[PDB]
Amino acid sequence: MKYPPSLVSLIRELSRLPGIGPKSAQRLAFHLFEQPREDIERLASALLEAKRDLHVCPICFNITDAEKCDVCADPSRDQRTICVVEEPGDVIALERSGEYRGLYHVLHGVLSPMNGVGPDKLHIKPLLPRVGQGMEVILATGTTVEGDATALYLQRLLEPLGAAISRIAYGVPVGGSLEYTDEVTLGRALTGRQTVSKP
């Protein structure tokens, strides 16, 4: 059973979050109870602050609180390569990857013909003007039929502009053995094999 509406209210809102079911929401409400008021406030404020300060970048649509995203601003960043991505989280992933100092672009999603979701529900337009010649457009969308489809659509679109278009490497992940690697992956890791030495 559940009575104090405040507790019933917290369980609900918490349970509305991804990766957190009813049982876990309650587990969470009873932990917030044991916490000092300073924290609850700081959690609440942090939530509210961000919701206010956080907006999408006008150039690329990476998340920020300024006129331009830190990536767009930063002058030491390779201004000639744009890495198209599905979600702002991928920017972090490809950023904490210590191997890319270029510009990013965020379609806030993936194409999907099924649900009438087209290149108008995704930030594909604001990308075109950013693409010029002597530039490279790395397509880093997912690898689901969605990511695969979005990318090929992007390739088609960007083609007329004079930039080099590339797609990230389909392949076996690091720290695995062929035995537990999916069939279609292997076939791609194979057909996409890199030559380490030419006689």
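Residue numbers run from 1 along the displayed sequence.
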**OP:** Would you tell me which stretch averages the higher CA B-factor in the PDB entry, 126-134 or 163-171?
**Re:** 126-134
**OP:** Between 82-90 and 114-122, point out the one with the higher average CA B-factor as the PDB entry records it.
**Re:** 114-122
Original post:
Among 40, 29, 66, 47, which carries the highest Cα B-factor?
Top reply: 66
Original post:
When the modelled residues of the chain are sorted by Cα temperature factor, does residue 105 land in the lowest, middle or highest third?
Top reply: lowest
Subject >> residue 187, C-alpha B-factor rank within chain (lowest, middle or highest third) >> reply: lowest
**OP:** Tell me, lowest, middle or highest third: where does the Cα B factor of residue 1 rank within its chain?
**Re:** highest
Original post:
Against its chain's modelled residues, does residue 58's Cα B factor rank lowest, middle or highest third?
Top reply: highest
**OP:** Can you work out whether the C-alpha temperature factor of residue 181 puts it in the lowest, middle or highest third of the chain?
**Re:** middle
